[PDB]
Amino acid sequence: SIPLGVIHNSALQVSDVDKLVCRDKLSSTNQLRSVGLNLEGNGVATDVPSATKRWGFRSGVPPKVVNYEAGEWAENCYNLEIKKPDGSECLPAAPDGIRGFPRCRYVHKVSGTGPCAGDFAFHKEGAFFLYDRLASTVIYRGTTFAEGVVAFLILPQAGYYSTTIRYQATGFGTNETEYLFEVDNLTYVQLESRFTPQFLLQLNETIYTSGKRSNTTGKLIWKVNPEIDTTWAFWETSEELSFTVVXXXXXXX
């Protein structure tokens, strides 16, 4: 049975409607509320490599959607544009009335390719993909979502900035997935799990202002060597480097 949150003795209890006592008063449907809470707030790793490993493709299971009325501002959201090698779309278009998650500090937009051995992409831990007040069991194409879960409550009677971070991916969904952070359409950085959003943005600004972008028709991929630090949860918390070149690979120290 779907549990219900209720406040008793200055504490939140899990109860249900059939387990309340007569002193508990429900005088309006306004007292009943649904909330989406982000996995972020439980301490899960939010980097793109870690986050995408929590999702997988599966056939035979029809998608399901449930609404929720209130949500939590997210630091990390995700937006996927994945195709198969043959060019066909891996993810379905967002159904009518399903919009992106409304409050995202960083939108990790991942474009790329993978096998996608399944009709729909599900959350491997059973969580939901939270959109605009609608929670789905599956990922929709090009639609910003936060990973999260839904709670139901009985209440008692009585600026917004968003930054899009773009990635290229190969072998998406497998255990051999490669990620690149996109500086421009020809300059990229090899992505590692330890890179935080603010490190990527300052590494991006450094590459632009130090003039380390590609000045060729070809593709330039930087690698940040293990020397440099990057990383702790987001709610409780770069000037000059060296760049030399070595499909043109390179290294940054």
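Numbers follow the displayed sequence, beginning with 1. Heads up, when I say rigid core I mean the largest set of C-alphas that superpose within 1.5 Å between the two forms.
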If the other structures are each fit on the rigid core, which stretch ends up farther away in C-alpha terms in 8 other deposited structures of this protein, 218 to 226 or 60 to 68? 218 to 226
When the core is superposed, where do the C-alphas shift more in 8 other deposited structures of this protein: in 19 to 27 or in 6 to 14? 19 to 27
Is it true that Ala121 goes unbuilt in a third or more of the other compared entries of this protein? no
Relative to the other PDB entries of this protein in the set, is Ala233 coordinate-less in at least a third? no
In this entry, is the chain continuous from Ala158 to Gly159, or are deposited residues missing in between (none, 1 to 3, 4 to 9, 10 or more)? 10 or more
